[PDB]
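Colleague: Quick one: structure below, then a few questions.
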Amino acid sequence: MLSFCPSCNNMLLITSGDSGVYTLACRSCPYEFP
Amino acid sequence: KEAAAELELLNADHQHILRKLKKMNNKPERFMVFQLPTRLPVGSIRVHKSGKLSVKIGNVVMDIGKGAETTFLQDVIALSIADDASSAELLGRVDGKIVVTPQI
Amino acid sequence: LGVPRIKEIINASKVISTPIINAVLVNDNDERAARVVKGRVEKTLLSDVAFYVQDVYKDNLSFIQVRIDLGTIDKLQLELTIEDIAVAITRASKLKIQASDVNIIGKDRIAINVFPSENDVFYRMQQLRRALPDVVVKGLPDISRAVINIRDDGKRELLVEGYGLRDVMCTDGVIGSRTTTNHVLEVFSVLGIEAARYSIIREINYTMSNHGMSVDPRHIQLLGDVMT
Amino acid sequence: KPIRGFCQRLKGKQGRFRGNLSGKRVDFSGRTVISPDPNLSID
Amino acid sequence: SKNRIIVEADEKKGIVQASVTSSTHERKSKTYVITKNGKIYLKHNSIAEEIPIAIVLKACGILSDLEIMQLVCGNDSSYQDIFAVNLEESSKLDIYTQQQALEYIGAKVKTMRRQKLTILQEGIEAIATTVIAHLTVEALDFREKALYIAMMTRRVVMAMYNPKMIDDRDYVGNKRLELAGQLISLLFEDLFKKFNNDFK
Amino acid sequence: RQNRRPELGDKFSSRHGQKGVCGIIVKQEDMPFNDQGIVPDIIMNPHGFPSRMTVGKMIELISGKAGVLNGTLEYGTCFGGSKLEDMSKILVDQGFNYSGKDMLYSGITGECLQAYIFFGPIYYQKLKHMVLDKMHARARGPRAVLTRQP
Amino acid sequence: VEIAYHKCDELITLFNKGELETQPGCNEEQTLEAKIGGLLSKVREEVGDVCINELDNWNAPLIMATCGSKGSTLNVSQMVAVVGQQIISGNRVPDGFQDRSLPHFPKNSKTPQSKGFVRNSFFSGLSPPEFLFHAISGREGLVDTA
Amino acid sequence: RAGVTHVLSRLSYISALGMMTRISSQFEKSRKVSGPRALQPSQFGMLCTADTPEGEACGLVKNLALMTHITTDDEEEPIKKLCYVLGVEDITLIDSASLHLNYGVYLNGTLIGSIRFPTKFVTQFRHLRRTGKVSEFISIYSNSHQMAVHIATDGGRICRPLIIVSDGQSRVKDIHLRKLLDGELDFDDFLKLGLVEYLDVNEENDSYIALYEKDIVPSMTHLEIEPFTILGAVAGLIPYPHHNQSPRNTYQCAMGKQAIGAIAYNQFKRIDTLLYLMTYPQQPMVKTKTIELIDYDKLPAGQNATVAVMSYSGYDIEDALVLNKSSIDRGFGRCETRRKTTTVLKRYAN
Amino acid sequence: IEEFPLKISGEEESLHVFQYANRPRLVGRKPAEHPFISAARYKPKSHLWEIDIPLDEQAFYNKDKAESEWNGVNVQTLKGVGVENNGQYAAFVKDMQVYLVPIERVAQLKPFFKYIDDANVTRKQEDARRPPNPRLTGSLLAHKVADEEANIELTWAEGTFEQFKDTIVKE
Amino acid sequence: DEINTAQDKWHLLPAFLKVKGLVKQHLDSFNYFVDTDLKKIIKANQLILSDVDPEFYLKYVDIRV
Ligand SMILES: [Zn+2]
């Protein structure tokens with residue numbers, strides 16, 4: 001789904017954020033985005 | 001036929017590596033990497049009549065083949081190491097890559 | 001029609017190869033009505049009627065979106081509302097959803113959301129992303145591919161390559177008096193026992209007469225009675 | 001290499017019940033080639 | 001044809017790819033690529049379980065995970081959606097690195113019965129990466145053995161995209177005609193070592 | 001050591017894939033004969049050539065007969081060899097029919113035959129499976145130790 | 001046999017144009033496959049019927065096919081006129097490799113005389129390419145008994 | 001595996017020669033599949049076609065051709081050094097993008113180089129092979145469904161030789177074909193000078209073999225040497241097979257091994273188990289170019305008699321035979337049976 | 001018509017070329033820049049390269065979660081094995097001249113997640129705290145010599161203008 | 001005999017079988033086994049050794065048939 005996290009090219013992940021916010025942020029890499 | 005669809009590509013890169021040759025005459029820390037034929041049985045990069053590049057690197061050995069072949073979706077930089085010391089200096093990034101091959 | 005036609009008949013095999021069933025129509029001319037039961041009998045897959053599916057985020061929503069092409073309903077002459085799709089999402093027990101979460105948005109658009117041993121938010125809407133566009137919305141849920149063709153008269157019939165038989169008699173545009181079939185041992189379930197005997201009588205002397213040789217009629221009415 | 005047994009011979013192709021009970025071997029027989037002859041009668 | 005890859009097409013039990021390899025020292029090993037319910041796996045006669053491929057190429061150092069989509073599928077095709085289920089099995093176990101990707105295999109191997117009394121439990125996957133796919137061997141990089149799995153895996157995805165691409169194992173080029181003098185030699189070295197170990 | 005004579009039963013062949021068993025043994029009087037009195041050796045019925053489609057024996061017999069009168073052996077190869085139209089020229093100079101289709105009297109009654117004959121030398125090789133070591137009979141003999149069967 | 005060849009020629013060249021008759025039966029690129037076998041089975045029976053009215057009496061493959069003794073009107077036709085196209089289990093000699101049958105024939109050339117059909121008689125002879133295509137159905141005549 | 005050896009059958013001369021060239025398969029338990037039972041079209045000149053037994057062993061036994069050499073492996077190391085001279089890249093450098101865009105050399109199924117524009121790479125390598133710097137048993141099979149070319153050096157695979165044709169004129173050079181018959185130009189020098197080369201089954205993909213010199217095109221390579229070399233030595237004794245039906249060839253090739261005639265020159269000296277002879281053998285009238293290469297004519301099997309095809313007395317209904325008492329009395333094929341029997345004097349413990 | 005002569009001036013100097021799998025050549029028909037090397041690392045006899053990199057702050061950094069588990073901040077190292085090959089010579093192009101240098105090795109730098117590793121080294125250790133009580137050769141021999149040897153901090157600098165002079169003076 | 005390359009390409013097919021026979025497969029395979037491969041076996045099982053009396057050894061240096 002073209003979910004490439006730059007500087008690692010690994011993956012993205014839909015993370016249940018603060019107040020249930022649906023921010024996308026992958027594991028094994030310090031990166032976040034709405 | 002389809003086997004003639006690349007001798008024009010062999011013309012379409014001699015004119016597209018000479019343009020890159022001419023822009024980089026200003027020696028602005030540009031690099032180009034290319035492979036030499038080892039196992040020999042110095043020269044001169046020259047153009048023949050109407051777009052034809054070749055070298056003569058040996059005393060007799062003639063090499064006609066020059067073709068810029070890759071697609072380059074990355075970065076490279078050259079750096080020189082010296083005797084495992086305070087010797088980490090970055091030279092520069094490489095723009096193009098060609099190959100040298102003999103005729104048979 | 002040869003040796004691997006005789007073998008499964010005397011075996012009474014549950015898995016028969018190419019189970020075509022025969023259904024005669026009501027009309028004789030097309031009149032946009034000889035193929036309208038073919039829409040009523042075929043397993044209508046929604047991936048033909050859907051056009052564009054994607055996941056829409058504002059800030060806090062996780063819902064897939066589906067939009068249909070109403071011109072397809074005009075094209076292949078099938079008859080259905082919009083609400084019966086929204087029924088058929090929760091009518092599939094393979095996808096594990098809650099029964100009533102479905103909201104209709106306008107005419108062509110339709111969307112469904114889900115929400116919560118963790119991180120299933122990303123997983124379930126990615127699992128269902130391809131596991132939604134593979135469900136039946138209308139038609140018989142057993143058969144594979146119905147084929148309409150023409151006989152040597154102006155009357156035409158419909159050939160259905162499926163295993164369900166009783167609901168073929170239950171649907172409209174067809175009579176429940178002349179609908180022959182294959183796979184004898186499901187006629188034993190549907191039409192008593194005396195139909196399944198005459199089904200065995202009819203099949204063998206059909207699949208032998210088209211090889212040229214003909215033994216007797218009478219050598220088969222003993223074979224039907226010794227099995228039944 | 002697997003050893004024979006009682007059940008290991010009552011079943012199978014022509015172990016028992018097919019080459020010993022159903023189809024036996026007979027006495028007073030022959031097995032030769034054939035050649036045609038028109039000049040004698042049928043039967 | 002020993003020491004080559006062959007593709008197969010089976011109707012109802014999914015489809016499998018085989019590659020048999022045998023060098024002259026104890027080796028008789030064939031490798032399988034199974035496609036269970038839309039997910040690719042690798043089973044071998046030394047591993048007790050099946051392993052999805054997104055681990056074993058990260059165990060060879062290639063871990064950037066956008067290389068892996070670009071090697072298997074390339075670009076601008078339907079292959080990326082076909083491969084789209086395979087990538088998340090790496091995400092479930094949460095390995096994401098070259099270090100953890102080895103011992104996942106070696107925790108599920110039942111082989112060699114501790115012949116060496118000094119195990120490392122991290123070194124026993126370097127040799128598990130050595131007794132596999134015995135066409136090529138490795139020294140330190142695990143480079144060519146990685147992509148050789150991927151080139152094997154590109155065939156099996158193309159098999160599911162259309163079944164016409166599968167070739168039969170009765171094409172004459174897939175047959176190695178093996179003669180007598182190069183066959184009596186196989187019995188000779190087996191029997192010649194049976195001589196002198198009885199002589200010692 | 002023993003030898004034997006080819007009496008009836010013995011399986012013959014034709015080198016173009018025709019199994020064949022000797023039916024009977026006639027004498028020489030009953031055999032037919034051409035104008036020169038040449039008596040043929042083996043008889044086969046014409047009823048094989050439409051079914052078996054063996055064109056090769058139909059053209060080998062022409063290729064054989066013209067070679068004998070010319071005294072020269074002829075080559076039959078695959079995908080080539082000696083042709084037909086140059087071979088018919090040879091034996092028509094010798095005086096026979098232009099495609100070997102001769103005519104000959106009957107040995108049993110004397111007169112001509114209403115149809116024409118087809119004639120020549122063909123190469124009949126004997127096979128194995130002679131009948132002197134296949135005829136056997138067991139009237140009442142030895143029985144098996146476990147089953148009391150033959 | 002050239003009449004059926006150039007009728008095939010206008011039927012094979014409709015790949016750049018993209019003609020598809022769409023017979024009932026969901027063709028999907030077999031209209032230039034399932035029809036040529038129909039017209040090749042026209043020339044195979046027509047020429048065998050020319051012989052019967054144009055052969056003299058007292059002819060031995062004729063006089064034992066006029067009876068029901070042994071033979072047919074098709075068996076003599078393969079001996080004198082044309083042997084037809086070899087079929088393989090309902091297939092007109094499928095391709096061997098690289099979308100073709102032989103190294104003697106050009107790439108992806110979907111003509112008969114190159115896939116299945118052999119035009120010359122048993123009396124005339126067989127060419128080294130067409131000798132192999134007869135030697136596939138002759139293998140099938142021995143396998144199917146097993 | 002069992003039964004890897006067999007007693008050679010001394011029924012005929014060629015029966016002891018036909019068993020020297022035969023193939024015993026692996027019986028991979030594909031008894032339901034007619035794939036291996038059938039015949040594939042990638043067999044023309046690779047191995048024989050019209051000699052295959054029937055009955056139980058119906059299609060798992062096959063037989064070599066008349067012109068056939070088996071390859072042998074040489075080495076895979078120096079050719080990997082040779083392609084780097086030809087301007088191919090290395091495996092540890094390329095991106096993931098370029099390898100699917102370009103083609104790729106495969107060494108025994110393994111990529112090493114990721115070559116671009118293969119036609120300059122492959123045709124120079126033929127010119128390296130025909131000159132004879134690299135050994136000649138290498139194939140440059142090059143498909144186009146996937147994006148790759150193949151290099152093969154594994155050895156032990158089928159191949160046959162055919163002559164090289166460059167363009168609309170061949171490399172025949174009939175003065176060389178005259179210089180062969182002088183006696184100093186053998187067949188090994190044809191591949192040394194560059195006038196013949198071996199092709200496996202995989203190189204016959206890329207080839208466009210011609211039949212005859214009257215069939216040469218300016219787009220036509222590799223003229224075929226001799227078209228009737230497609231039949232085995234036990235199949236070659238059929239005269240004019242191209243007129244004959246193909247199912248009536250396997251019926252003879254299964255019987256040709258059962259023909260009686262001579263055996264050998266020392267046949268009155270050897271003591272074998274059950275060995276027949278013919279008293280008066282004769283060479284056949286219509287020979288073959290095949291049978292004079294195996295010297296079948298020097299000790300033949302069977303004799304040629306004078307046939308008169310006709311119905312007679314009803315004693316030949318379907319393919320029976322009728323012959324005369326005189327010709328047997330003149331000695332028409334009086335066969336002779338020789339049979340061994342043996343016993344061993346044995347010493348006991350006392 | 002014209003000829004441009006080339007000569008080889010290279011000995012005693014081994015230069016390695018790095019490959020960045022993440023960083024492409026261009027960004028929207030514009031060539032990007034190389035990331036700034038914070039620190040460097042080399043291990044002889046095992047030939048590794050651990051280039052440390054800085055990733056940017058607050059905007060896309062996700063600081064609060066990053067320091068929690070693995071406690072490693074602003075450092076992203078990437079591993080690459082130095083692989084040699086024949087041929088493959090580097091060259092700078094002078095006006096009407098070009099001089100050559102032989103390339104010793106070429107590395108392919110792959111992202112080496114060390115902070116996830118180091119957090120999971122300790123996770124092996126802290127699980128062992130609570131209970132607390134109750135011949136190889138070939139390729140795996142090359143791993144037991146690669147983990148334990150001397151590390152050398154390379155002083156990352158930008159130079160080579162001296163090295164540009166050194167090639168021209170050699171004939 | 002005005003020889004041509006039209007129908008006399010056959011006359012090298014005996015020139016193949018003369019110098020290079022018809023039992024090529026069994027001759028050339030076994031004869032390679034006798035010369036080359038027999039040296040390659042004893043070089044793979046050279047230097048028999050025992051643990052008791054460690055200064056004892058016996059080595060296979062060559063092979064002749
Ligand atoms: Zn990432």
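Letters A, B, ... mark the chains of the structure tokens in the order given; residue numbers begin at 1 per chain; ligand numbers begin at 1, in order shown.
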Counting only C-alpha atoms and all ligand atoms, name the residues that have an atom within 8 Å of an atom of ligand 1; the answer should be given as a ChimeraX atom specification.
Modeller: /A:4-12,25-31
Colleague: Can I get the selected residues back with N, CA, C and O atoms, as an mmCIF file, in the first residue's frame?
Modeller:
data_model
loop_
_atom_site.group_PDB
_atom_site.id
_atom_site.type_symbol
_atom_site.label_atom_id
_atom_site.label_comp_id
_atom_site.auth_asym_id
_atom_site.auth_seq_id
_atom_site.Cartn_x
_atom_site.Cartn_y
_atom_site.Cartn_z
ATOM 1 N N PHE A 4 5.866 2.932 2.964
ATOM 2 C CA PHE A 4 7.302 2.906 3.211
ATOM 3 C C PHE A 4 7.669 4.003 4.203
ATOM 4 O O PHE A 4 7.319 5.172 4.006
ATOM 5 N N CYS A 5 8.348 3.616 5.283
ATOM 6 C CA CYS A 5 8.846 4.567 6.266
ATOM 7 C C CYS A 5 10.260 4.969 5.870
ATOM 8 O O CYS A 5 11.172 4.132 5.947
ATOM 9 N N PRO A 6 10.492 6.208 5.442
ATOM 10 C CA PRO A 6 11.824 6.590 4.960
ATOM 11 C C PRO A 6 12.893 6.532 6.043
ATOM 12 O O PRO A 6 12.622 6.615 7.243
ATOM 13 N N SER A 7 14.130 6.360 5.569
ATOM 14 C CA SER A 7 15.346 6.024 6.310
ATOM 15 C C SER A 7 15.360 4.588 6.820
ATOM 16 O O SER A 7 16.384 4.126 7.335
ATOM 17 N N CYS A 8 14.247 3.866 6.688
ATOM 18 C CA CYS A 8 14.264 2.421 6.903
ATOM 19 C C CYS A 8 13.506 1.626 5.852
ATOM 20 O O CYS A 8 13.796 0.436 5.687
ATOM 21 N N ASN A 9 12.547 2.227 5.146
ATOM 22 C CA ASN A 9 11.797 1.606 4.056
ATOM 23 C C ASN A 9 11.022 0.373 4.512
ATOM 24 O O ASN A 9 10.714 -0.504 3.699
ATOM 25 N N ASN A 10 10.687 0.291 5.800
ATOM 26 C CA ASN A 10 10.267 -0.983 6.397
ATOM 27 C C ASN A 10 8.771 -1.212 6.201
ATOM 28 O O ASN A 10 8.361 -2.134 5.490
ATOM 29 N N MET A 11 7.953 -0.364 6.818
ATOM 30 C CA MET A 11 6.510 -0.559 6.896
ATOM 31 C C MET A 11 5.922 0.675 7.566
ATOM 32 O O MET A 11 6.649 1.509 8.115
ATOM 33 N N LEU A 12 4.599 0.787 7.516
ATOM 34 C CA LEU A 12 3.863 1.640 8.437
ATOM 35 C C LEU A 12 2.847 0.812 9.214
ATOM 36 O O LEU A 12 2.572 -0.346 8.892
ATOM 37 N N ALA A 25 2.185 5.017 12.629
ATOM 38 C CA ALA A 25 3.524 5.033 13.202
ATOM 39 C C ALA A 25 4.025 3.601 13.300
ATOM 40 O O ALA A 25 3.343 2.743 13.869
ATOM 41 N N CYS A 26 5.210 3.350 12.755
ATOM 42 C CA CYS A 26 5.733 1.999 12.637
ATOM 43 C C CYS A 26 6.627 1.658 13.824
ATOM 44 O O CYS A 26 7.125 2.533 14.535
ATOM 45 N N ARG A 27 6.823 0.360 14.029
ATOM 46 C CA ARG A 27 7.730 -0.139 15.050
ATOM 47 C C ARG A 27 9.154 -0.225 14.512
ATOM 48 O O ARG A 27 9.394 -0.181 13.302
ATOM 49 N N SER A 28 10.104 -0.343 15.441
ATOM 50 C CA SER A 28 11.535 -0.427 15.150
ATOM 51 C C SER A 28 12.047 0.780 14.371
ATOM 52 O O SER A 28 13.101 0.707 13.730
ATOM 53 N N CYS A 29 11.320 1.897 14.415
ATOM 54 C CA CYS A 29 11.760 3.139 13.791
ATOM 55 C C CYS A 29 11.017 4.318 14.406
ATOM 56 O O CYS A 29 9.779 4.340 14.408
ATOM 57 N N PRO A 30 11.728 5.314 14.934
ATOM 58 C CA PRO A 30 11.062 6.474 15.568
ATOM 59 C C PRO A 30 10.474 7.445 14.546
ATOM 60 O O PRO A 30 11.065 8.452 14.156
ATOM 61 N N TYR A 31 9.261 7.133 14.094
ATOM 62 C CA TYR A 31 8.599 7.912 13.058
ATOM 63 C C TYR A 31 7.099 7.914 13.319
ATOM 64 O O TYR A 31 6.542 6.911 13.773
#
Colleague: What lies within 7 Å of residue 5 of chain J using only C-alpha atoms, ignoring chain neighbours under 4 positions off, as a ChimeraX atom specification?
Modeller: /H:172,174 /J:9
Colleague: Within 9 Å of residue 107 of chain I, counting only C-alpha atoms, which residues show up once you throw out same-chain ones fewer than 2 positions away? Write them as a ChimeraX atom specification, please.
Modeller: /H:92-93 /I:16-19,48-49,80-84,105,109
Colleague: What lies within 12 Å of segment 41-47 of chain J using only C-alpha atoms, ignoring chain neighbours under 5 positions off, as JSON, numbers by chain?
Modeller: {"E": [24, 25, 185, 186, 187, 188, 189, 190, 191, 192, 193, 194, 195, 196, 197, 200], "J": [33, 34, 35, 36, 56, 57, 58, 59, 60, 61, 62, 63, 64]}
Colleague: Residue 18 of chain C: which residues within 9 Å, counting only C-alpha atoms, same-chain residues fewer than 2 positions away excluded, as a ChimeraX atom specification?
Modeller: /C:16,20,161-162
Colleague: Could you take the residues named above and write them with C-alpha atoms, as a PDB file, in the first residue's frame?
Modeller:
ATOM      1  CA  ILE C  16     -19.861 -35.693  -9.330  1.00  0.00           C
ATOM      2  CA  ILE C  20     -25.189 -29.479 -14.990  1.00  0.00           C
ATOM      3  CA  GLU C 161     -23.540 -25.986 -13.433  1.00  0.00           C
ATOM      4  CA  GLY C 162     -24.355 -26.293  -9.743  1.00  0.00           C
TER       5      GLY C 162
END
Colleague: Considering only C-alpha atoms, return as a list in words whatever protein or nucleic-acid residues lie within 12 Å of residue 21 of chain D, sequence-local ones (same chain, fewer than 6 positions apart) excluded.
Modeller: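 The neighbour list is residues 10, 14 and 15 of chain D; 147 and 149 of chain F.
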Colleague: Could you write out as a compact mmCIF listing (two decimals) with C-alpha atoms, in the first residue's frame the residues of chain G within 6 Å of chain H, counting only C-alpha atoms?
Modeller:
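Output contents, as saved in part.txt:
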# COMPACT_ATOMS: atom_id res chain seq x y z
CA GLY G 96 6.32 -28.04 -28.22
CA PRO G 103 13.06 -25.92 -34.53
CA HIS G 104 12.21 -26.17 -38.25
CA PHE G 122 1.29 -42.08 -48.31
CA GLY G 125 5.79 -39.61 -49.26
CA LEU G 126 6.38 -37.77 -46.01
CA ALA G 135 4.47 -40.40 -35.10
CA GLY G 138 0.62 -43.47 -33.69
Colleague: Could you pull out the strand (DSSP E or B) residues of chain A from DSSP and send them as a list in words?
Modeller: residues 14, 15, 16, 22, 23, 24 and 33 of chain A
Colleague: Mind pulling up the distance from atom CA of residue 40 of chain F to atom CA of residue 125 of chain F?
Modeller: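 Atom CA of residue 125 of chain F sits 16.3 Å away from atom CA of residue 40 of chain F.
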Colleague: Could you give me, as a PyMOL selection string, the residues within 7 Å of residue 35 of chain E, counting only C-alpha atoms and dropping anything in the same chain fewer than 6 positions from it?
Modeller: chain E and resi 14-16+41
Colleague: As an exercise, work out the distance from atom CA of residue 304 of chain H to atom CA of residue 329 of chain H in Å and give it to one decimal place.
Modeller: 16.7 Å
Colleague: Could you list the residues in chain E lying within 7 Å of chain A, using only C-alpha atoms, and format the result as a list in words?
Modeller: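 Those within range of chain A come out as residues 64, 65, 66 and 96 of chain E.
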Colleague: Please report the interatomic distance between atom CA of residue 5 of chain H and atom CA of residue 28 of chain H in Å with one decimal.
Modeller: 19.2 Å
Colleague: Set the cut-off to 9 Å and count only C-alpha atoms: what are the residues of chain G that reach chain F? Output as a PDB file with N, CA, C and O atoms, in the first residue's frame.
Modeller:
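Once written, result_9.pdb looks like this:
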ATOM      1  N   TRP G  58     -13.166 -52.595 -60.732  1.00  0.00           N
ATOM      2  CA  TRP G  58     -12.181 -53.662 -60.532  1.00  0.00           C
ATOM      3  C   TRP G  58     -10.938 -53.155 -59.803  1.00  0.00           C
ATOM      4  O   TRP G  58      -9.814 -53.576 -60.084  1.00  0.00           O
ATOM      5  N   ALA G  60      -9.084 -52.806 -56.154  1.00  0.00           N
ATOM      6  CA  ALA G  60      -9.172 -53.688 -54.995  1.00  0.00           C
ATOM      7  C   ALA G  60      -9.409 -52.944 -53.681  1.00  0.00           C
ATOM      8  O   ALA G  60     -10.213 -53.411 -52.865  1.00  0.00           O
ATOM      9  N   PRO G  61      -8.770 -51.795 -53.425  1.00  0.00           N
ATOM     10  CA  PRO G  61      -9.221 -50.966 -52.295  1.00  0.00           C
ATOM     11  C   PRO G  61     -10.602 -50.369 -52.491  1.00  0.00           C
ATOM     12  O   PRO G  61     -11.227 -49.968 -51.500  1.00  0.00           O
ATOM     13  N   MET G  64     -13.290 -53.832 -51.965  1.00  0.00           N
ATOM     14  CA  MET G  64     -13.431 -54.307 -50.596  1.00  0.00           C
ATOM     15  C   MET G  64     -13.805 -53.199 -49.621  1.00  0.00           C
ATOM     16  O   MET G  64     -13.993 -53.476 -48.433  1.00  0.00           O
ATOM     17  N   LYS G  70     -13.451 -55.323 -45.175  1.00  0.00           N
ATOM     18  CA  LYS G  70     -12.462 -54.641 -44.350  1.00  0.00           C
ATOM     19  C   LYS G  70     -12.109 -53.326 -45.025  1.00  0.00           C
ATOM     20  O   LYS G  70     -11.856 -53.297 -46.233  1.00  0.00           O
ATOM     21  N   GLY G  71     -12.091 -52.253 -44.249  1.00  0.00           N
ATOM     22  CA  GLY G  71     -11.713 -50.942 -44.732  1.00  0.00           C
ATOM     23  C   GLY G  71     -12.868 -49.969 -44.639  1.00  0.00           C
ATOM     24  O   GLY G  71     -13.894 -50.228 -44.002  1.00  0.00           O
ATOM     25  N   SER G  72     -12.691 -48.825 -45.291  1.00  0.00           N
ATOM     26  CA  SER G  72     -13.711 -47.786 -45.335  1.00  0.00           C
ATOM     27  C   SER G  72     -13.428 -46.898 -46.540  1.00  0.00           C
ATOM     28  O   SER G  72     -12.479 -47.127 -47.294  1.00  0.00           O
ATOM     29  N   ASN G  75     -10.179 -44.957 -45.281  1.00  0.00           N
ATOM     30  CA  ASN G  75      -8.900 -45.660 -45.243  1.00  0.00           C
ATOM     31  C   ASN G  75      -8.197 -45.611 -46.595  1.00  0.00           C
ATOM     32  O   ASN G  75      -6.977 -45.417 -46.659  1.00  0.00           O
ATOM     33  N   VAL G  76      -8.949 -45.787 -47.683  1.00  0.00           N
ATOM     34  CA  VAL G  76      -8.362 -45.677 -49.015  1.00  0.00           C
ATOM     35  C   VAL G  76      -8.017 -44.229 -49.338  1.00  0.00           C
ATOM     36  O   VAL G  76      -7.076 -43.962 -50.097  1.00  0.00           O
ATOM     37  N   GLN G  78      -6.788 -41.937 -47.320  1.00  0.00           N
ATOM     38  CA  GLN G  78      -5.487 -41.617 -46.744  1.00  0.00           C
ATOM     39  C   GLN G  78      -4.343 -42.293 -47.485  1.00  0.00           C
ATOM     40  O   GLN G  78      -3.187 -41.891 -47.315  1.00  0.00           O
ATOM     41  N   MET G  79      -4.632 -43.304 -48.302  1.00  0.00           N
ATOM     42  CA  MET G  79      -3.590 -43.994 -49.049  1.00  0.00           C
ATOM     43  C   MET G  79      -3.308 -43.377 -50.412  1.00  0.00           C
ATOM     44  O   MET G  79      -2.234 -43.626 -50.972  1.00  0.00           O
ATOM     45  N   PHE G 122       0.318 -41.022 -48.598  1.00  0.00           N
ATOM     46  CA  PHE G 122       1.286 -42.077 -48.314  1.00  0.00           C
ATOM     47  C   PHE G 122       1.988 -42.564 -49.576  1.00  0.00           C
ATOM     48  O   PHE G 122       3.130 -43.029 -49.505  1.00  0.00           O
ATOM     49  N   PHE G 123       1.327 -42.471 -50.733  1.00  0.00           N
ATOM     50  CA  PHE G 123       1.985 -42.820 -51.989  1.00  0.00           C
ATOM     51  C   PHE G 123       3.040 -41.788 -52.365  1.00  0.00           C
ATOM     52  O   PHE G 123       4.109 -42.138 -52.879  1.00  0.00           O
ATOM     53  N   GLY G 125       4.711 -39.599 -50.234  1.00  0.00           N
ATOM     54  CA  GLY G 125       5.787 -39.611 -49.264  1.00  0.00           C
ATOM     55  C   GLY G 125       5.567 -38.581 -48.175  1.00  0.00           C
ATOM     56  O   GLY G 125       4.663 -37.751 -48.228  1.00  0.00           O
ATOM     57  N   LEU G 126       6.432 -38.657 -47.167  1.00  0.00           N
ATOM     58  CA  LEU G 126       6.377 -37.771 -46.014  1.00  0.00           C
ATOM     59  C   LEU G 126       7.703 -37.049 -45.833  1.00  0.00           C
ATOM     60  O   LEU G 126       8.775 -37.652 -45.955  1.00  0.00           O
ATOM     61  N   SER G 127       7.619 -35.751 -45.543  1.00  0.00           N
ATOM     62  CA  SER G 127       8.785 -34.931 -45.273  1.00  0.00           C
ATOM     63  C   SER G 127       9.255 -35.136 -43.833  1.00  0.00           C
ATOM     64  O   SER G 127       8.467 -35.515 -42.962  1.00  0.00           O
ATOM     65  N   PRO G 128      10.538 -34.904 -43.565  1.00  0.00           N
ATOM     66  CA  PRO G 128      11.079 -35.103 -42.207  1.00  0.00           C
ATOM     67  C   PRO G 128      10.399 -34.259 -41.139  1.00  0.00           C
ATOM     68  O   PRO G 128      10.350 -34.685 -39.975  1.00  0.00           O
TER      69      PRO G 128
END
Colleague: Each residue of chain E lying at most 9 Å from chain I should get a row with its shortest atom-to-atom pair and the distance in Å to one decimal, counting only C-alpha atoms; could you produce that, ordered by chain and increasing number, as CSV?
Modeller:
residue,atom,partner,partner_atom,distance
E:61,CA,I:110,CA,7.9
E:62,CA,I:110,CA,7.5
E:63,CA,I:110,CA,7.7
E:64,CA,I:111,CA,6.8
E:67,CA,I:21,CA,8.4
E:96,CA,I:113,CA,8.2
E:97,CA,I:113,CA,6.1
E:98,CA,I:112,CA,7.5
E:99,CA,I:117,CA,7.0
E:100,CA,I:117,CA,7.9
E:116,CA,I:135,CA,7.6
E:123,CA,I:140,CA,6.0
E:124,CA,I:140,CA,8.1
E:125,CA,I:140,CA,8.7
E:126,CA,I:140,CA,5.5
E:127,CA,I:140,CA,6.5
E:130,CA,I:139,CA,8.0
E:138,CA,I:139,CA,6.8
E:139,CA,I:139,CA,4.8
E:140,CA,I:139,CA,6.1
E:141,CA,I:81,CA,7.0
